[PDB]
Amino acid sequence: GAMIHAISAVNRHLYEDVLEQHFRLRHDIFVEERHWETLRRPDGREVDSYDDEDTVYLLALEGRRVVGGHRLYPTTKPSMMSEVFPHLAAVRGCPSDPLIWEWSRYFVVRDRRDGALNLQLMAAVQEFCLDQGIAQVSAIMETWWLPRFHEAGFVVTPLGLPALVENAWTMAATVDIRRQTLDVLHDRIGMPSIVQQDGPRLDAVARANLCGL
């Protein structure tokens, strides 16, 4: 029934309502609830430097209601990891590759927490990337993500030493995108497909090669 929709430059004309709704939800959740004060904005929309033409949004929709989601951004452009937290990836280095995208802003609305949605969101990043031929995703993440990644069968490679970021233990890591990981998650969520891709076909790797130039 309810699906996670892939929204990008090529199809956002079908999702302008939904995108605006999600920017406001990001403000409610990341700013008001989690207190990431650096992201507070007076328009009540949580929008940063990595919300632009090249961003891909994976949003869980029930009708036109956003109930969860996350976003992906190219590592071939300046990214949050490369610009804000490069020291967190000092051991292995900060990724820069059309085949590696930075994963961020993972959220679930209160009404849908501790239910089926969470594992669907985990399957969604694997499904989208595999479809696009994206090999890995990178993230700056709170260290409590490690057991969550492991529970979902994600293959994780730490990029540097954990460090305190605004009173919270944080780290940089890559996740290997795997057909094997996805197949198990499809079995667990009881659905052969969780990502809906309406409108024109997105070629993410081509777009990342372009903005790399």
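Start at 1 and count along the sequence shown; that's the residue number.
Taking the PDB entry as given, 60-68 carries the higher mean Cα B factor of the two stretches 60-68 and 145-153. In this entry, 110-118 has the higher mean Cα B-factor, the comparison being between 96-104 and 110-118.
Remark: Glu33 belongs to the highest third of its chain, ranked by C-alpha B-factor as recorded. For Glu46, the recorded CA B-factor ranks within the lowest third of the chain. Only modelled residues enter the ranking. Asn167 sits in the highest third of its chain by CA B factor, as recorded in the PDB entry.
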